[PDB]
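Asker: So I've got this experimental structure, pasted below with the sequence.
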Amino acid sequence: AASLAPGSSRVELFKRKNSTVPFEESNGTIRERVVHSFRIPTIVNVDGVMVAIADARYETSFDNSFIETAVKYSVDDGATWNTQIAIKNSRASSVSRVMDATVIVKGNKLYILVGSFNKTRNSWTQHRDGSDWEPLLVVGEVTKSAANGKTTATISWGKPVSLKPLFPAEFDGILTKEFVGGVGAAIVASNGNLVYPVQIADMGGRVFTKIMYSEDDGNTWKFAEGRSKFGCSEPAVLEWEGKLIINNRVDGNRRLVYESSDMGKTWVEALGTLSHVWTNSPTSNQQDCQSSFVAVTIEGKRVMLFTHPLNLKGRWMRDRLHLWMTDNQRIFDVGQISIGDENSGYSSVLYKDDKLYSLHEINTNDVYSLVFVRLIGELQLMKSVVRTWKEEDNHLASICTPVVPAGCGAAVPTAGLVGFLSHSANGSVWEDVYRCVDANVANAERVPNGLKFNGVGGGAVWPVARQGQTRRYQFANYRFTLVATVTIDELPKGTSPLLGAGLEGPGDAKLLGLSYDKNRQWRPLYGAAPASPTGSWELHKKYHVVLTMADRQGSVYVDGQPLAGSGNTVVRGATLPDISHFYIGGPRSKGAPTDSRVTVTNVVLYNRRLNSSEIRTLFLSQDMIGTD
Ligand SMILES: CC(=O)N[C@H]1[C@H]([C@H](O)[C@H](O)CO)OC(C(=O)O)=C[C@@H]1O
C-alpha cells in the first residue's frame with residue numbers, strides 16, 4: 001500500500017503541545033507539565049504490558065535542549081495508558097538532557113541506556129572532550145497485579161548508574177570521547193546476554209559502532225573488539241541464526257549492515273544479503289534516519305522487520321515511512337505506514353499477541369508527536385507473503401528429482417533462492433513467485449512457465465541497481481546464480497543476447513552473460529573479455545543455462561557443463577561492480593534495435609554460487625519446477 005493500509009488506524013499517543021508529563025520539581029513536588037515535542041520512540045512488550053518510551057523535549061524540538069525520558073504503559077493493548085517520567089535529567093542547566101533511549105527487555109525488567117548531558121549547546125560528536133556527558137543505565141521493573149477482575153501494572157525505576165568508568169580511553173589507536181546507545185529496541189541474545197549496539201565518537205568527531213554486552217544482567221559490561229567502518233551511527237541489532245546482525249545509520253551514503261558470529265568480536269560486512277540495500281533518500285546523499293530492526297516469527301517463520309522513511313523531501317523531513325520484511329533472502333516492501341506525504345521520522349515496531357503495532361514520529365513545522373499505529377492491513381499482507389514463501393519453498397523442496405549414479409536425487413535447492421519468474425505474467429510484468437521483485441517485459445507472448453519474445457527489445461529486465469532507492473538485489477554484486485531454460489526460435493543475423501547481468505556505466509558492458517550467433521554457436525561473455533564463440537546448439541531445442549558469479553569469478557553452463565572460457569575473473573579492481581539489471585532475451589529501450597527470437601522459462605535467482613550437485617539437480621529437474 002502507498003499509505004497506511006485499509007483496516008489499519010492510529011491515534012496520536014504522545015501529543016505535541018498537549019500531552020503532559022509528571023515533572024518532578026527539585027523540591028519533590030510533581031507538576032503536570034506540557035511538552036513541546038515527543039521524539040525518539042520505542043515500544044516494547046514487558047510481560048504483557050506495552051511500554052512506550054520517548055524523549056520528552058519540553059521546550060523545543062532541538063537536540064540540545066531540556067529533555068527527560070517519558071514513558072507511557074498499557075495493560076490493555078493501548079485502550080488506556082499511564083504516564084511517567086522514567087529518567088530525570090541532571091538539572092544542571094537550561095539544556096540538561098537525558099536522550100536517545102536504547103531499551104532491552106529481559107523478563108519483567110527494562111534496561112534503558114541514555115546519553116546524559118549537562119550544559120553543551122553543540123552536537124555530541126563535536127564536543128571538545130567528554131566532560132559534559134555520561135552514559136546512564138536505568139533499570140525498570142514491571143509488576144502486574146489482579147484485583148477482582150481488573151489487571152493493573154506499575155513500573156518502578158531505579159537510580160541511574162553511570163557507565164563512564166567502564167568506557168575505555170582508547171580502541172586500537174582510536175582515542176575515545178563519548179558513546180550513546182544505538183537508539184530503540186536492543187536485545188537479549190539466545191545465551192542470555194544483554195546486547196546493546198553503541199555509537200562511539202572519537203576525539204576528532206569520527207563516529208563508529210560497536211557491541212557493548214553483559215553476561216550477568218548488567219552487573220558488568222564489555223565492549224566487544226569488532227567495529228563498523230567510520231561514518232556509521234545509530235546501530236540497530238538483532239540475532240539471526242546464531243549471528244548478531246547490526247544495521248547502521250549512515251549519513252550521506254547507503255546503510256552498512258554487518259554480521260558477527262562471536263558476540264561482536266569479529267564483524268563481517270553483509271555483502272551477500274543486506275548491506276547497502278537501504279539508504280537515506282533516492283539519491284543517497286542526504287542525512288539518514290534511525291530505523292527499527294526486529295526479529296519476529298510470523299506464520300511459523302522467523303523474519304526480520306525493518307522501518308525507514310523514503311525521505312523523498314530530503315534532509316530531516318523523513319516523509320513516507322516504510323516497513324520491509326525479509327527472511328535474509330527475499331526482501332518484501334510491506335508498504336508505507338505513515339499517511340500520505342506527511343513528514344515522519346524515527347520509528348519502532350512491535351509484534352505482540354499476534355497483533356502488529358508501530359510507534360513513530362510525525363512532524364509538522366518541527367513540532368513532533370508520536371503516533372501509535374495498529375498495523376492490521378499490513379499484518380494481513382505479511383502473513384499472506386510468508387504463506388507464499390513457505391508454500392513455494394516446501395513445494396520445490398518436495399520435488400522428487402531424478403536419481404544420479406551416486407527414490408529421489410538431491411533436493412531442488414531452496415536455500416538462498418531469492419526470486420523466481422515462471423508461469424504468471426502479463427504483457428508488461430513477469431511476476432516474481434516470491435512476490436518481491438517483478439521483471440518488466442516488452443514484446444512478449446505467454447508460454448507455459450514463461451515468455452516468448454518477438455519484436456524490438458523483446459525481453460525482460462529484472463532490475464538490480466534499476467530498483468532505484470532500495471536495492472534488494474544488491475547482493476548480486478558480490479555473488480549470484482542465475483538459471484533459466486531457453487529455446488532459440490529463429491537464427492540471429494549476427495550475435496544476439498540471451499541471458500546475463502548488465503553493468504551501469506559507459507557503453508553496454510556486461511558482467512557475465514550468454515549470447516548466441518548465426519553459426520549456431522554460443523557466445524559466453526566473461527566480463528570485458530572478447531566474447532568468442534564456442535560449442536553448438538540447434539533451433540527449437542530446450543537448453544538449460546546457469547550463470548554463476550562469486551569471488552569475482554564467472555562461469556556459464558549449458559546443459560550442466562561449463563562453456564569454454566569459464567572459471568576466470570570477470571571483475572577487476574577492488575571496487576564492487578554495479579549491476580544494472582539481469583536481462584532475459586534482448587530487452588532494450590535505446591541503442592541497437594535488438595530482437596532476440598528466444599523463449600525463456602523458469603528463471604531462478606540465488607544469492608550464492610550453486611555447487612556442482614545443485615547445478616546438476618536443476619539441470620535434471622527442469623520439467624519439474626514450473627508453476628504451470
Ligand atoms: C545525541 C544526539 O544529538 N542525538 C540526535 C541525533 C544526532 O544528532 C545525529 O545522529 C548526529 O550525531 O540526530 C537525531 C536526528 O533526528 O537526526 C536525533 C538524536 O536525538
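Answerer: Looks like it arrived, so ask away. Numbers count the residues shown, from 1 in each chain.
Asker: Now residue 135: closest residue in space that isn't a chain neighbour?
Answerer: Counting by C-beta to C-beta, 6 or more residues apart in numbering, residue 135 lies nearest to residue 163, which is 4.5 Å off, once chain neighbours are set aside. (C-beta placed from N, C-alpha, C; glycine too.)
Asker: Residue 420 too?
Answerer: residue 433 is the one closest to residue 420 (C-beta to C-beta, 6+ apart), at 4.1 Å.
Asker: quick one, what contacts that neighbour?
Answerer: 388, 392, 419-422, 424, 627 (C-beta atoms under 8 Å, 6 or more residues apart in numbering).
Asker: The stretch 301-450 of the chain against the ligand: which residues are in contact?
Answerer: residue 316 (C-beta under 6 Å from any ligand atom).
Asker: what does the stretch 51-200 of the chain give?
Answerer: So the stretch 51-200 of the chain meets the ligand at 63, 99-100, 115, 123-125, 180 (C-beta under 6 Å from any ligand atom).
Asker: Tell me which two of those sit farthest apart.
Answerer: Spatially, the most separated pair among those is 99 and 125, at 13.9 Å (C-beta to C-beta).
Asker: Pick out whichever of these two has more residues nearby.
Answerer: residue 99 (24 against 17; other C-beta atoms under 10 Å).
Asker: What are the buried residues along the helix or strand where the more buried one lies?
Answerer: Counting by DSSP states H and E, the element that carries residue 99 is strand 97-106. Neighbour-count burial for strand 97-106 flags 97-106 (criterion: 16 or more other C-beta atoms under 10 Å).
Asker: cool, and stretch 576-584?
Answerer: 577, 579-584.
Asker: What of stretch 390-408?
Answerer: Buried, per 16+ other C-beta under 10 Å, within stretch 390-408: 392-393, 396, 401.
Asker: so how far is it off the chain centroid?
Answerer: Put simply, stretch 390-408 sits 30 Å off its chain's centre (C-alpha atoms, centre = their mean, to the nearest Å).
Asker: Can you show me the CA trace of that stretch as PDB?
Answerer: Below are the C-alpha coordinates for stretch 390-408, written out as PDB (Å, rounded to 0.1, in the frame of the first residue of the first chain):
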ATOM      1  CA  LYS A 390       6.600 -21.300   2.800                       C
ATOM      2  CA  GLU A 391       4.400 -22.900   0.200                       C
ATOM      3  CA  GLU A 392       6.800 -22.400  -2.700                       C
ATOM      4  CA  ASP A 393       9.900 -23.400  -0.700                       C
ATOM      5  CA  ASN A 394       8.100 -26.600   0.600                       C
ATOM      6  CA  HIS A 395       6.900 -27.400  -2.900                       C
ATOM      7  CA  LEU A 396      10.300 -27.100  -4.500                       C
ATOM      8  CA  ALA A 397      12.000 -29.000  -1.700                       C
ATOM      9  CA  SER A 398       9.500 -31.800  -2.100                       C
ATOM     10  CA  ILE A 399      10.100 -32.400  -5.800                       C
ATOM     11  CA  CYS A 400      11.400 -35.900  -6.400                       C
ATOM     12  CA  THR A 401      14.300 -35.200  -8.700                       C
ATOM     13  CA  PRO A 402      15.900 -38.000 -10.900                       C
ATOM     14  CA  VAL A 403      18.400 -40.300  -9.200                       C
ATOM     15  CA  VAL A 404      22.000 -39.900 -10.200                       C
ATOM     16  CA  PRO A 405      24.800 -42.500 -10.200                       C
ATOM     17  CA  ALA A 406      25.900 -41.500  -6.700                       C
ATOM     18  CA  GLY A 407      14.000 -42.900  -4.600                       C
ATOM     19  CA  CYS A 408      14.900 -39.400  -5.400                       C
END
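Asker: now what about that stretch, what contacts it?
Answerer: 299-301, 409-412, 414, 417, 420, 433-434, 616-617, 620-621, 624-625.
Asker: and the residue in the stretch 351-500 of the chain that the ligand sits nearest to, how many neighbours does it have?
Answerer: Nearest residue of the stretch 351-500 of the chain to the ligand (C-beta to the nearest ligand atom) works out as residue 361 at 8.6 Å. Here the count is done by other C-beta under 10 Å, and residue 361 has 28 residues near it.
Asker: Tell me who's in contact with it.
Answerer: With C-beta under 8 Å, 6+ apart, residue 361 has these contacts: 39, 41, 318, 344-347, 368-370.
Asker: For residue 624, give me its contacts.
Answerer: Residue 624 neighbours (C-beta under 8 Å, 6+ apart): 399, 401, 412.
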